[PDB]
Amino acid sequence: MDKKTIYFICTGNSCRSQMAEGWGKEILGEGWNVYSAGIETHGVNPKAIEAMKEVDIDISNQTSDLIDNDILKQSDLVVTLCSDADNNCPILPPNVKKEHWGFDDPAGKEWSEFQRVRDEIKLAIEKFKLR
């Protein structure tokens, strides 16, 4: 079996989707190619980078990307991580499955909020692996 493809989407491919990609590559790596994108590109959020450093994962060289239809077409699961991404997700290929895993936006808050959301994302990906 070829590896499956999971595509994490948030508003700016900045924070939630970047943490999801960082965790995903570690947790899902044996079975999955992991990509992330956004409605816009805001760059990788500095507090998200710091949050991932605390769990020994470097996301500082991950890319902030717009949604790519070729990746959409080849996705086994598209995961929207916020309301903007979910409400503005482009029309998907008819055979491509999408789920919304909503997480709070730590935007503009203390580092603790990034730690909180980081770890909610970690658990969601761990559960997903074992579905």
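The first residue of the shown sequence is 1; numbering continues from there.
Given 24 to 32 and 82 to 90, the range whose Cα B-factors average higher in the PDB entry: The recorded data point to 82 to 90.
Mean C-alpha B-factor comparison - 92 to 100 and 47 to 55, higher one: Per the PDB record, 92 to 100.
Residue 117 by Cα B-factor - lowest, middle or highest third of the modelled chain: CA B-factor rank for residue 117: lowest third.
Third of the chain, ranked by Cα B-factor, where residue 9 sits: Middle third of the chain for residue 9's C-alpha B-factor.
Third of the chain's Cα B-factor distribution that residue 39 belongs to, per the entry: For residue 39, whose C-alpha B-factor we compare with every modelled residue in the chain, the answer is the highest third.
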